[PDB]
Every structure is written in structure tokens, then in C-alpha cells.
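S.K.: Sequence, then the experimental structure. Questions to follow.
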Amino acid sequence: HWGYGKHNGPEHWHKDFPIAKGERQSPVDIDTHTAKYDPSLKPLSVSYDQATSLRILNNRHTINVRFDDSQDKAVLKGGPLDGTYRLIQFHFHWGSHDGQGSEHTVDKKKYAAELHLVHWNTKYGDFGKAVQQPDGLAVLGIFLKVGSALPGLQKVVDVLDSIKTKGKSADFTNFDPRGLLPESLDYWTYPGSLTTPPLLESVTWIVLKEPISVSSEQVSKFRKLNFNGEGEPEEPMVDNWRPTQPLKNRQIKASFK
Ligand SMILES: [Zn+2]
């Protein structure tokens, strides 16, 4: 099974998922000098006040917080998007040390971690239909930068010990994801893919320019998660990021002048 090891990591994925070498792959390097302000982008609308978190899960690849997506309780709209995208889940990618971890880079700089809030196009009816379509998904990407602790994250770090090994999950109600947004919604956007298998080219990426701040101590708790299941050889869940892929014939737009 795919993973982030020497034998099953990003360099291997193409053998089971040949779209790994496709024309709209993610993540990418964002070159801030050449991404152009686009005036046709509408205002971005992140509306998460009625979000209903359900459960948190270690799936052997990351930790993910799943939400009730039965109605428009948490949606992303505007910016490059047409129509309404419902929030389904958020997860993270992070490194074995604070100098790497993010999937997107900005002028080749890596952050300590990246948060991905995953939304699907309500016109396709559910996540599983949506993920098969070019305009099916929208992922809001937010960098984590080492500094002051973020209170908004502390409820996640606090439960990590209960989901240390793969397959483990826990109740995770009343978590408000607005606590994971920076002040600014300035963003870059480009058409891309899922950054994990099956690497489907169904994602409009919206990557916020402003990182949220997390402490060294908070990121370290992520590093005590495990890829392995209970009682197998330990394998710390670190460096669960895919390297940047070639932009090819795509445009990164900026939302801001
Ligand atoms: Zn898997």
C-alpha cells in the first residue's frame, strides 16, 4: 500500500496511479513574483459558523476531522469557484522537523505544516461523485508557521494521543474550524489534484498567503503519531507530504494586487 516511505512513497505512486505524471498535479511551487492578480476573481466566502464536527481519525496517512455535510452548514464559495462547496473534512501534512512539512511551497520556501480543508461541489450530490469531476472539489490550503501557540488548534493536539495508531478514531464534536483561519483571506489559486492517491485532477486549490502560527510544542505532538497499527513496528507519522510537481501549462492567479 502507498505511503511516504522509501518503498511506497511519492516516487512509486505512478505505478498504481499513472495520473501521478498528469498535466494538473498538486502540490506546486508558488512563485510570488509571477503569479498574476486576477480581477475577475469574485470575493472569497468562507462560511463555517454552523460547521458540525463529528469525529477525528488516524487513517495511516494523516489525521482527519470529518464534518456533517448533509446540508449547507459549512461552505466555501466565491473566489474562483462557481456554485457552492460543502466542507467534508480537514487534515494536515507535516515534517520530521520544523524546516519542512508543507506541500505547497512559496518561492521554494517550505513551512512546518499545511492544513487542507476539503470541500465538494453540491451539484454532484456527494463527495464520492464529486471527486470524479474536474470541478468537483475545492481545497483551502493554509500554511503553519512556527511561532506562538494557536489556541484554535489546541483541541486537536489534545486528542492526538487517543488516535496514535492507524485505524484509531474518536468523537470530536463542537470543534469550530474558524479557529484555524488567519486574519487575511488573500490567496493564490490554480487547478490541480489530490496530493495523495488516487491523485485525481478534481481540485480547485485556494492557498492562503497568510500562515497561521503554531508552537514548536504543538507541531511536535503531531510527530508522535504513528503510521503503523497497534503493536506493529513503530513508524512515526512524519514527512507525510508530497513534493511539488511541475506547473506545466497552468496559471497561478493571485487574489490580491
Ligand atoms: Zn490508504
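M.R.: Alright, I've got the coordinates. Numbering: from 1, shown residues only.
S.K.: any chance you could map the helices in the stretch 151-257 of the chain?
M.R.: 151-159, 216-223 (DSSP state H, counting those that start in this stretch).
S.K.: how close does residue 30 sit to residue 110?
M.R.: Applying C-beta to C-beta, to the nearest Å, the value for residue 30 to residue 110 is 12 Å. Heads up, the C-betas are built off the backbone N, CA and C, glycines and all.
S.K.: what does residue 217 give?
M.R.: Taken as C-beta to C-beta, the span from residue 217 to residue 110 is 20 Å.
S.K.: Report the inter-axis angle for the helix or strand encompassing residue 139 versus helix 216-223.
M.R.: Assessed by DSSP states H and E, residue 139 sits inside strand 137-146. Comparing the axes of strand 137-146 and helix 216-223 via axes from the mean of the first three to the mean of the last three C-alpha atoms, to 10 degrees yields an angle of 130 degrees.
S.K.: Looking at strand pairing, list the partners for residue 119.
M.R.: With beta bridges defined as DSSP bridges, residue 119 has these partners: residue 87, residue 138.
S.K.: List the residues that contact it.
M.R.: By C-beta atoms under 8 Å, 6 or more residues apart in numbering, the contact set of residue 119 is 75, 76, 85, 86, 87, 88, 137, 138, 139, 140.
S.K.: Now for the fourth one, how many residues are close by?
M.R.: For residue 86, the tally of surrounding residues (other C-beta atoms under 10 Å) stands at 23.
S.K.: mind checking how far residue 64 is from residue 167?
M.R.: Relative to residue 167, and taking C-beta to C-beta, residue 64 is found at 13 Å.
S.K.: ugh, typo on my part, it should be residue 185
M.R.: Counting by C-beta to C-beta, the gap between residue 185 and residue 167 amounts to 36 Å.
S.K.: which one of those two has more residues nearby?
M.R.: More crowded of residue 185 and residue 167, by other C-beta under 10 Å: residue 185, with 19 against 11.
S.K.: Give me the neighbour count for the closest residue to that one other than its chain neighbours.
M.R.: In space, and not counting its chain neighbours, residue 185 is closest to residue 44: 5.0 Å by C-beta to C-beta, 6 or more residues apart in numbering. Neighbour count of residue 44, defined by other C-beta under 10 Å: 19.
S.K.: could you list every residue that touches residue 112?
M.R.: By C-beta under 8 Å, 6+ apart, the contact list for residue 112 reads 94, 95, 98, 99, 100, 101, 102, 144, 145, 146, 214, 219.
S.K.: Can you tell me which of the residues you listed are buried?
M.R.: With burial judged by 16 or more other C-beta atoms under 10 Å, the buried subset of these is 94, 95, 98, 100, 101, 102, 144, 145, 146, 214, 219.
S.K.: of all the residues you listed, which two lie farthest apart?
M.R.: 100 and 214 (14.6 Å; C-beta to C-beta).
S.K.: Report the secondary structure element holding the residue nearest the centre of the chain.
M.R.: Centroid-nearest residue in the chain, with C-alpha atoms, centre = their mean: residue 116, separated by 1.9 Å. Counting by DSSP H and E, the element that carries residue 116 is strand 113-121.
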